[PDB]
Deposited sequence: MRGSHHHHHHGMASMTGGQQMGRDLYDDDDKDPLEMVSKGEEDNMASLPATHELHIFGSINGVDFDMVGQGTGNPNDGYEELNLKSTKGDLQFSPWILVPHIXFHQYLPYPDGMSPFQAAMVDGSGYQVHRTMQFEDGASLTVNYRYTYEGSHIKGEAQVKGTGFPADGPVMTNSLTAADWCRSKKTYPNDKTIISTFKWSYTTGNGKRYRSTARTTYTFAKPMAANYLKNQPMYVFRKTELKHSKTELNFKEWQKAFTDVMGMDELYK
């Protein structure tokens, strides 16, 4: 499957944060043997009026291998059957952010479409005042309640400029067109440690992600 696993990708991520529209597009690459991703995005609607960190972690688990071979995400890309994704994040200050994903594949190139709705961020808070500066390591837990569904949960924390943490909880649901292989369903839960990096201006960002799946 080396030729059918992903090597390059692009993302169109769009929607609104507090009812204000944004839209970004750009190109990336990654390594499906070790989880790595890197992505450049540029705004198509002018300066971003909120912290670009709010788009992290949302800005391609097709790059995630499992400990003993392909992940289900990889398997579903390689056989063309695919999957869809929905995530909800609920923040300590009562805000929410939803995102849904659809993908298409052209050989080893992935095209992603991510539709975002962020609601209820306080005007004064670190999102709307562009005061987020980093994100903690994050441990995700994946369970498989049936042969076509993965549920992933995690707690998330950003660091802010004034040394506070800004916390949220997330639940992600994956819907597979074809049943997942039996070994995945037997070997649950699966955990994944990830780390993200972001450098940004008001119009452009450079993102990186590292991922490592494990049981015990």
Deposited residues without C-alpha coordinates, grouped into stretches that follow sequence order: 1-43, 103, 261-269
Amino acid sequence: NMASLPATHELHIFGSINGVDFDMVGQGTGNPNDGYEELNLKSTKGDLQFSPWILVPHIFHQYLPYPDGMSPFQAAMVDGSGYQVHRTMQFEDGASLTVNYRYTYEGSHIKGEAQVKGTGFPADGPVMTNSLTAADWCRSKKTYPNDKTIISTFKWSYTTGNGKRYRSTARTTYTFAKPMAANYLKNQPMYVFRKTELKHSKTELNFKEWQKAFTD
From here on, numbers count along this sequence of modelled residues.
Mean C-alpha B-factor comparison - 121-129 and 91-99, higher one: 121-129
Comparing 75-83 with 107-115, the one whose average Cα B-factor in the PDB entry is higher: 75-83
Most elevated Cα B-factor in the entry, residues 191, 50, 63, 156: 50
Member of 202, 12, 195, 9 with the greatest C-alpha B factor (per the PDB record): 202
Where the record places residue 42 (Cα B-factor, split into thirds across the chain): middle
Ranked against its chain, the third holding the CA B-factor of residue 182: highest
Residue 164 CA temperature factor, ranked by third within the chain: highest
Modelled-residue ranking by C-alpha temperature factor, third containing residue 143: middle
